[PDB]
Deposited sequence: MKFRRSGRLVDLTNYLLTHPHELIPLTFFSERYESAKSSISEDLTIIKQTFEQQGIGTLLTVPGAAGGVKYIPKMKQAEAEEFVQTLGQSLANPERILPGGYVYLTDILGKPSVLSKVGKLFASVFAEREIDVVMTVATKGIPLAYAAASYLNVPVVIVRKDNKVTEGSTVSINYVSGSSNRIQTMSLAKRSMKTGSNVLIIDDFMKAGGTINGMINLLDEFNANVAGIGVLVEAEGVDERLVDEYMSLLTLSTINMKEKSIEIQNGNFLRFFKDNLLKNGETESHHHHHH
């Protein structure tokens, strides 16, 4: 059933938005709308231009009758900065101060609207990494991992803090003892390029634990993103990582809490 341009633009927009990071043959669309490849290409130029102008993302086109298009979610620096500032202000509330130097995030992480933004910012920053899968550890980071994975078009793998399983010992920020994390061996292909995502990085042991867990799968760290990094941790982590926010050494007794920008802007050109 043929759609005229207006109907195709609408359906193509929905289809692209719901199939990010997937190379779609022009052929799939020409047959879907029983339209000429040339009309589709024309429609895609309109979408590509609107997507860039509105800060939705990039449409990459591969020419030829055998060509295709790929939608790449991307966030403009201006929106990233504004979103992060707003989010930081929201967290810089003494009522969130938690024992041990932690921050209460449960409410913000319960909101798909916020997670969507966070996920897209991670997806944007790591758009060009060849990611095969997103990994995080139960449980606070799970929703962040799915948000990022949905923009990236890859599966999520959840490491458990408890079949043929692989296990690694690691230490946590509570400046505590040795714990173990595991992941079933049939949960991930060898050589996978992994984006590690977590909500909070205090000491860096949880992430180092996941990075070490990856060596057991002969997998590679494709990138590392965290919502909040405790002040001065660039030290305890060997791999590059991206953070949206920095929690400056909080104090429960003084009931003060400072929150600054993470290092994310370094990732914008």
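No alpha-carbon coordinates exist for the deposited sequence positions 163 to 167, 275 to 291, given here in order along the chain.
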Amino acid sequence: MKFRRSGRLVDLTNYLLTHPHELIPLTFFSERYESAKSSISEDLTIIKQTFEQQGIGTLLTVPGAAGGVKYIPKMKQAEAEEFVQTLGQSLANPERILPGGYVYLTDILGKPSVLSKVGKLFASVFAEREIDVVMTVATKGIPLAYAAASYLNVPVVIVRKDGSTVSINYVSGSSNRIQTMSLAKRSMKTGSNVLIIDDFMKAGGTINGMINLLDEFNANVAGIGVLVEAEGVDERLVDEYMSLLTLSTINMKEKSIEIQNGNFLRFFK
From here on, numbers count along this sequence of modelled residues.
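The question of which stretch, 231 to 239 or 53 to 61, has the higher mean Cα B factor is settled in favour of 231 to 239. Relative to its counterpart among 253 to 261 and 16 to 24, 253 to 261 has the higher mean temperature factor, C-alpha atoms as listed in the PDB entry. For the set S116, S175, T136, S150, the PDB entry puts the maximum C-alpha B factor at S175.
The PDB entry gives the largest Cα B-factor of the residues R32, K70, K48, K202 to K202. When the modelled residues of the chain are ordered by their C-alpha B factor, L109 lands in the middle third. Annotation for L247: CA B-factor lies in the highest third of the chain's modelled residues. In the deposited entry, the Cα temperature factor of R4 sits in the middle third of values across the chain's modelled residues. Among all modelled residues in its chain, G163 ranks in the highest third by Cα B-factor. In the deposited entry, the Cα temperature factor of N193 sits in the middle third of values across the chain's modelled residues.
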